[PDB]
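Report on one structure; see the data block that follows.
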Amino acid sequence: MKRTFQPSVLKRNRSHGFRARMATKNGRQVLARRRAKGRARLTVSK
Amino acid sequence: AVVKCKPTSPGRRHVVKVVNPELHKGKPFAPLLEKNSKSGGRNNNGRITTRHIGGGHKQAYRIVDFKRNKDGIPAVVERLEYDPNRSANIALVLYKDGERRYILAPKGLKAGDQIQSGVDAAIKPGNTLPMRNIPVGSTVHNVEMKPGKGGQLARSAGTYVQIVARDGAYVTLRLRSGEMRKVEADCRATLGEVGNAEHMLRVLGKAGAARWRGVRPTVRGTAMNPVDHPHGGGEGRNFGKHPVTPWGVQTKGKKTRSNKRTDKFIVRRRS
RNA sequence: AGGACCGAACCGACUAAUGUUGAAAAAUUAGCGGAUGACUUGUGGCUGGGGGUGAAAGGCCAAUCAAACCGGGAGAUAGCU
RNA sequence: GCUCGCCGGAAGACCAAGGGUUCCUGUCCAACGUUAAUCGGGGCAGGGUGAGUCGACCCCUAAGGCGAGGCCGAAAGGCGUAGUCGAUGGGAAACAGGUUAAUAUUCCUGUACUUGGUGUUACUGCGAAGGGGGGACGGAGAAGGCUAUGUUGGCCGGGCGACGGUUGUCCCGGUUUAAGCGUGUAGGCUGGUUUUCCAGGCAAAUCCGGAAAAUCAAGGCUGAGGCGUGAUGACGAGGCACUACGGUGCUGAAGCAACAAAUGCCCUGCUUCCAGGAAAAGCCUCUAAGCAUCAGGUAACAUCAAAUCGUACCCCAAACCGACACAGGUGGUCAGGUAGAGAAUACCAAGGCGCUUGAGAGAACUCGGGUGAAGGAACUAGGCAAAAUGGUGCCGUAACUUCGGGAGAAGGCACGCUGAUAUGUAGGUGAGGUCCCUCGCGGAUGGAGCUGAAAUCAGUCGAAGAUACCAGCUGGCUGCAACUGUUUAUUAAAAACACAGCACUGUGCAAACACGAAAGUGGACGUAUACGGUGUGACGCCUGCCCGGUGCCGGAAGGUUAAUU
RNA sequence: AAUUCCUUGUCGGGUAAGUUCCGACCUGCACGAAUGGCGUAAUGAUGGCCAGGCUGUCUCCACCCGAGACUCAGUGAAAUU
């Protein structure tokens, strides 16, 4: 049976990449929240 | 001509075709072609604004001259071609200077005929002149509502208009819908009528034929739930309310003309 | 010529048995329907929650839908256990 | 190591996506592996990925994204021009053989090709963000010419039989060779050359388009395969000796013909139909502003350069998506033999596997199958399930009907093997020879060789000859929906939803209508034979009476009536 | 009647025997003409009924071939309390 997760690197970066988050005001707030919490990985870039 | 298909299969029993052996059998004129991508009835917001649109065959756009502003240069007709963007046919005309253009095909036009435009052109079908130099009671098509903008009325397969009277700077015309409207006596018009009067006799014959045109199926409204349409549902078939659109408008006589900038050019609405 | 006919690939899911702490949070075995078309499939794109999409079942929108998920108002209120 | 069994349009081989050392060698057995384990995709250590030609990067653009100014909006922000990004598409060039425990069209041997920089020489109108050409495009169908590939003969090497026969019409194996360069065939398309003139291609133009004459009858473009060369080479069954019995070295025969034949190539072709079938650059060509003893352009020769990143391994699966070493899911490419219409089905080749607990016993009962006396639906809500029918040719076939159908209606007969007609027939393919020629990949004649249906007659074996796998049960009456289609992913596939057709009604274009505080966008680059909404639902015969109520569409005397004053 | 409560209405056909099925009658509880009426060839994994063939569906079960169940060795769960 086909499952929900079908990986694709190109689509992953275009949806949750670092540059995608920096292109919108709300996206930049996501980075600020994660920086405050001290996350070791901010995005899914690598 | 009109030909009825034989009933060799369910789907061809009720099919009626319109065939014209005079149409060109080949590729169109490349220099007058353009790209034309489909939209699916969605606007720049990505939302559906016109329902029942989607799919169909790929099409290319032909540039048609609706202005006819080449005066004093006779042109000859080369061939008649099929146009998928409109119900009427088009013709390729070659001018003396060596230019080519597309025009709507009048009723009795054929290869070898000559056409001209201006104020000194002869009164023959296919010629374009300002309406001030057209005898009253004549039949014309491709009429402009403003001098120089281009033809906008009577452009369908077999439509035409008739000049009724001329008082001053304006003239009175009777449109195909029966409306009586007046326009300035400077707009150009073409003699004759559009030459595809048999286009109304076609019968698609099956659901698939409509899908080729890009028309998607229509859901009535009594078959939905009340959360989707005012006609809603019920145990069985009830429909105990006045007919109404989605969004709540009557649809059985209610008028929806609220311009108020026109009506100085309307004489009799219609009917 | 054909939303034509028989029938594999391919796409579907009408009947029965098994399974039901299953091999599997919907599958297996034997039959079954369509199979040049309103067909099917790869890659990328667009539509966002009282909104979308819907050949229309209140269907589907990440195993969740008569109003998704996450955080917040928040220790909502509970004449009831 | 020897037998046995299984897959073989895969359970074989090569990739993309995804994963990220799972690849190779040595070593270890605690944990991990549904058992043991000396073994492992497990632990530890070392080793392994070599490119001017393959891919990315790069040049060009589609849907779409962002968007200097700009327009709009309480703020945030929205839309969009010039531009700039974005493949799933377009754009230069490498083939064969050999080699590592693990990489190769990348290393080695042999033989090739493409695009640029610089220099020299000869001859010279070069020049763009502009014009034109080209690139450049659909579905279905048909025939011919070919190759991949297979079969048989010939040729070369070897063999004479564990049990009757086997020196012949006997048995086994091999019989392979590229890119490039030269030739330009089957076949497809288009008449060619010269002079003069012109409201068009925003300016210009020798280019494109158009007009009027002269002069000739063959010029040009595209094009699979074959042949020659590449090749006195490479490869090659078998041998001869060394050999830590892992394998290392030298040598080397034949290497031809006929027939059959694709879903691949000629073919982006040809014929035909209506639903009428991307864009831009590279490339070719003409000129403007400019520069002309320069600069640039064409040709030959020499020389230099072609960077950077990916390259191991799995990839229908134990390595990817499913919590698992999980009977599930996952796109592209390659396509042998016998029988067969076939990529179905059965048995096999190359190749790969026996699925990570076994050993005994032969109770009830459960699961998956085989057979059955007499009866034959008496079973049951219901013929649920099971049994049965099943192929090709010929004969034959009802009511009804929209004249197409119904129809494979129903039903009946014949099917193996051997010989003859004919030492292999009809047909297909086609050598030698001869004749002619503008002699060439030519034409006519000619028929050797090879390949090979179907039918008739006679005979013959068995209970059974469409013998296995494979492979329609049929007929009669009737409700509903015309029909093919669509739907509750995971208890409902239907009489429900679509549907062609029909009617009413709105809409004159800055259209009605819809998404948006707005700008704007869709409707539509459409114009009443058009578009939106509503009901009905092929087709045939038809669709009656009622305007008091509610709604909608008109009317104007009078009554009542808001802000304001 | 996909519509009929009384109702298994009455008559005829089919069966040895038919609350279903087919054809008529009209007392239509409570059909009816585009939320359409009455017909209709072809089509349907659609609802109801009757035949031929066929059979372990059944009278009524019997035997046989395989995988479990049972015994031995290794590993080693669960609901509940």
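Heavy-atom basis, side chains included; hydrogens, waters and symmetry copies ignored. Proteins come first, then strands; the chains are lettered A, B, ... in the order of their sequence lines, and each starts at number 1.
For the contact set between residues 187-215 of chain B and RNA chain C, defined by any heavy atom under 4.0 Å, the members are B:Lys206, B:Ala207, B:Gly208, B:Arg211, B:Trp212.
Here the closest heavy-atom approach between residue B:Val15 and residue B:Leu204 is recorded as CG2-O, 3.5 Å. Contact detail for B:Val136 and B:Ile163: the closest heavy-atom pair is CG1-O, 3.8 Å.
If you check D:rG551, D:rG508, D:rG276 against the side chain of B:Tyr82, the one that comes closest is D:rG276. For B:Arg12, taking side-chain heavy atoms from C-beta onward, the closest of the listed nucleotides C:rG2, D:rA63, C:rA56 is C:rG2. Picking from D:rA528, D:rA199, D:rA498 the nucleotide with the shortest atom distance to the side chain of B:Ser177 gives D:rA528. In this structure, the nucleotide among D:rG506, D:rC273, D:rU529 sitting nearest to the side chain of B:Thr159 is D:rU529. Minimum atom distance to the side chain of B:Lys27 is reached by D:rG277, of the listed C:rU53, D:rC497, D:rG277. Across D:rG554, D:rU550, D:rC509, the shortest atom-to-atom separation from the side chain of B:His242 is found for D:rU550. Among D:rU550, D:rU536, C:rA55, the nucleotide with an atom closest to any side-chain atom of B:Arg220 is D:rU536. Of the candidates D:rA538, D:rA87, D:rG329, D:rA538 carries the atom nearest the B:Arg13 side chain, counting heavy atoms from C-beta on. Among C:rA56, D:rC553, D:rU534, the nucleotide with an atom closest to any side-chain atom of B:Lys252 is D:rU534. Taking only side-chain atoms of B:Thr218, from C-beta outward, the nucleotide of C:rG45, D:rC499, D:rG535 with the closest atom is D:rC499.
With both atom-pair distances required to fall under 3.5 Å, no Watson-Crick or G-U wobble pair links D:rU151 to D:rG180. For D:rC457 with D:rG116, the Watson-Crick or G-U wobble criterion does not hold with each of the two distances under 3.5 Å. No Watson-Crick or G-U wobble pair joins D:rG48 and D:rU490 with the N1-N3 or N1-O2 distance and the second distance both under 3.5 Å. Remark: the bases of D:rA93 and D:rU193 do not meet in a Watson-Crick or G-U wobble pair with both edge contacts under 3.5 Å. Nucleotides D:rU356 and D:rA471 fail the base-pair criterion, which asks for a Watson-Crick or G-U wobble arrangement whose two donor-acceptor distances both fall under 3.5 Å. Remark: the bases of D:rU167 and D:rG246 do not meet in a Watson-Crick or G-U wobble pair with both edge contacts under 3.5 Å. Here C:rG45 is not matched with E:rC26 as a Watson-Crick or G-U wobble partner, both contacts being required under 3.5 Å. A canonical Watson-Crick pair (purine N1 to pyrimidine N3 plus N6-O4 or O6-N4) or a G-U wobble (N1-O2 and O6-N3), each contact under 3.5 Å, is present between D:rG139 and D:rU272. Judged by Watson-Crick and G-U wobble geometry, where both atom pairs must sit under 3.5 Å apart, D:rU121 and D:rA179 do not count as a base pair. The base of D:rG236 does not engage C:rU41 as a Watson-Crick or G-U wobble partner with both distances under 3.5 Å.
In this structure, the OH atom of B:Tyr160 is 12 Å from the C1' atom of D:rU529, given to the nearest Å. A straight line from CE of B:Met145 to P of D:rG526 spans 16 Å, rounded to a whole angstrom. One atom, CZ of B:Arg270, and another, P of D:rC553, lie 13 Å apart when rounded to the nearest Å. Rounding to whole angstrom units, NE2 of residue B:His229 and P of C:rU53 are separated by 16 Å. Rounded to whole Å, atom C1' of C:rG54 lies 11 Å from atom CZ of B:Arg51. The nearest whole Å value for the distance from the NE2 atom in B:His141 to the P atom in D:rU529 is 15 Å. Atom-to-atom, CG of B:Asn20 to P of D:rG276 comes out at 16 Å; the value is rounded to the nearest Å.
Within 4.0 Å of A:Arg19, counting heavy atoms only, lies no atom of the nucleic acid at all. The residue B:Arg181 sits close only to the backbone: its heavy atoms come under 4.0 Å of sugar-phosphate atoms, none of a base.
Using a cut-off of 4.0 Å between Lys/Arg side-chain N and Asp/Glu carboxylate O, B:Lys70 and B:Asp65 are scored as not salt-bridged. Electrostatic pairing of B:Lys146 and B:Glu184 does not count as a salt bridge here, judged by no charged N lying under 4.0 Å from a carboxylate O. Ion pairing between B:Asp71 and B:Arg188 holds under the 4.0 Å rule for side-chain N and carboxylate O. With respect to B:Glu179 and B:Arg268, no salt bridge is recorded, no charged nitrogen being found less than 4.0 Å from a carboxylate O.
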Using the 3.5 Å cut-off, write out each protein N or O paired with an N or O of nucleotides 514-520 of chain D and the distance between them.
from	atom 1	to	atom 2	distance (Å)
D:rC515	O2	B:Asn43	ND2	3.2

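Residues in residues 11-68 of chain B take part in no ring-ring contact (aromatic ring centres under 6.0 Å, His included) pair, two or more places apart or across chains.
The partner of D:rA410, taking Watson-Crick or G-U wobble pairs whose two distances both stay under 3.5 Å, does not exist in any strand shown. Both distances falling under 3.5 Å, in either a Watson-Crick or a G-U wobble arrangement, occur for no nucleotide opposite D:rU565. D:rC367 and E:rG66 make up a base pair, with Watson-Crick or G-U wobble contacts both under 3.5 Å.
Here, D:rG55 and D:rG247 have their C1' atoms 39 Å apart, quoted to the whole Å. Nucleotides D:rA143 and C:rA1 are separated by 13 Å at their P atoms, to the nearest Å. Between D:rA278 and D:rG535, the two P atoms lie 39 Å apart (nearest whole Å). The gap from the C1' atom of D:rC400 to that of D:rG406 amounts to 8 Å, rounded to the nearest Å. D:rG252 and D:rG233 are spaced 15 Å apart, taking the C1' atom of each and rounding to whole Å. Comparing the P positions of D:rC240 and D:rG424 gives an interatomic distance of 48 Å, to the nearest angstrom. Across the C1' atoms, D:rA10 and D:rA453 are found 36 Å apart, a figure rounded to whole Å. Taking the P atoms as reference points, E:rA34 lies 24 Å from D:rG549, given to the whole Å.
Residue B:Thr8 places no side-chain N or O under 4.0 Å from the OP1 or OP2 atom of D:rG405. Within the 4.0 Å cut-off from OP1 or OP2 of D:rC525, not a single side-chain nitrogen or oxygen of B:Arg86 is found. Residue B:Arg237 has no polar side-chain atom (N or O) positioned under 4.0 Å from OP1 or OP2 of D:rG535. Distances shorter than 4.0 Å separate none of the side-chain N or O atoms of B:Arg42 from OP1 or OP2 on D:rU521.
Taking for each of B:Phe239 and B:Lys58 the nucleotide of RNA chain D with the nearest heavy atom, the 5'-most of the two is the partner of B:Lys58. The 5' end of RNA chain C is approached more closely, in terms of each residue's nearest nucleotide, by A:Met1 than by the other of A:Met1 and B:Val227. Mapping B:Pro28 and B:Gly41 onto RNA chain D by nearest heavy atom places B:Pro28 at the nucleotide closer to the 5' end. Place A:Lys2 and B:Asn225 on RNA chain C by their nearest nucleotides, and A:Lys2 ends up nearer the 5' end.
Aromatic ring orientation, B:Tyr170 versus B:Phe265: parallel (interplanar angle below 30°, classes split at 30° and 60°).
In this model, no side-chain donor or acceptor of B:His14 finds a partner on the base of D:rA500 within 3.5 Å.
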